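First comes one chain, alone, set out as structure tokens in the form deposited in one PDB entry.
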């Protein structure tokens, strides 16, 4: 009969919702701050917002009663509108356009009406879903006063969420303590067996072998496992959820090697999606030819992209002596094994390849902070909105360098146009038609290769559960049995 759960996870690159880029950022943001809506089967359930009304042009949220910060401040529309305003101006340009379709939403409170009104500068369907993501969590006025404070840990009175980070050992352990004065839980349709933990010790594991060993020796209760480690556990200690959707991102900027489309195609010709799946997921994942799974909106709509066939001969002629800075996330298979496979397939095509296999936190700083610092990566996307928009955004609009969402610096006139008619779309069908065509275009012009959807495998000790509701990625519901 304990009240403490010890969860394995990767090192955060920030504890501030505004600077969140990597899963560990969202995992911590999830405990400390409440979002307006939360994920569940068939869509989104009321969280800090009791209900909402609106289109893709504009949503109005009505804030719930009895909602309160870790200092006591009543959570009013002014607090919420201030938090979402602070987010829109302080967060990464990437995550802001992903949320509001742009950098300049209209956000306004009305403490009388009890409403918060958001008005995308152009219509944005992804807004409602985007506000279920941990990084949109409400920062109370204590947090807005000190943004440098939120990066590194708890600023007193900032938390809108059920926990406060009471103890910190940077890059080692983040100890979260449940607060006595919180009953503002979301309106979950789903019913969860077991007790909300009083104390959550978010424990940094350096690698998957370590993760497994510490479940098994009882240093951890819950932790992520690499597919090879499955056989070490009974089926009943495992909880398997579809997670990241993996696709290539090239540095396409004028002067870089993958500016030239003929180089991008050569990479496509050298990557066996079967071999890549075997090395990355060992068949626990699923191939996908788009920016999601079959559960992703529009992901089965026409057309299906025409992937480049393997041509290792044609790739050898093209990539001979070509210098490729391959950036790797260590989540892309055990210890970044998928990145290793990709390097190896480029090496045997005669490319001069240098792979940097880094932790998810370091990877995320590099991709979103210094986009010119690499040529190619396997991008493990977290499709938070459950649409194809997540992935299309990464290749269209203004560059990241110009405060856009365009990670790769790719200029696809077709894909850019199809992104815009997705916004002007009268019906869901036209929207899907636009989105599916945008992905097909991007695949045809060798702007990406869609790879797979991975499985997030939690291994857990007796007495401990963990649930992911409505295809959620950053809302791991820990329970003590």
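Numbering follows the first chain given and starts at 1. Shifts are known only where both forms have a C-alpha. The term rigid core refers to the maximal set of C-alpha atoms that superpose within 1.5 Å between the two forms.
Keep in mind that the form deposited in another entry is not shown, yet the notes after this line are about it.
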C-alpha displacement of 2 Å or more between the shown form and the other one on the rigid core, among 220, 326, 84, 150:
326
Sense of CA distance change between residue 19 and residue 362 in the other form, threshold 3 Å:
farther
CA-CA separation of residue 171 and residue 327, closer or farther in the other form than in the form shown [shift of 3 angstroms or more]
farther
Segments displaced between the shown form and the other one (3 or more residues, each Cα shift of 2 Å or more, core-superposed)
246-280, 286-380, 384-388, 391-452
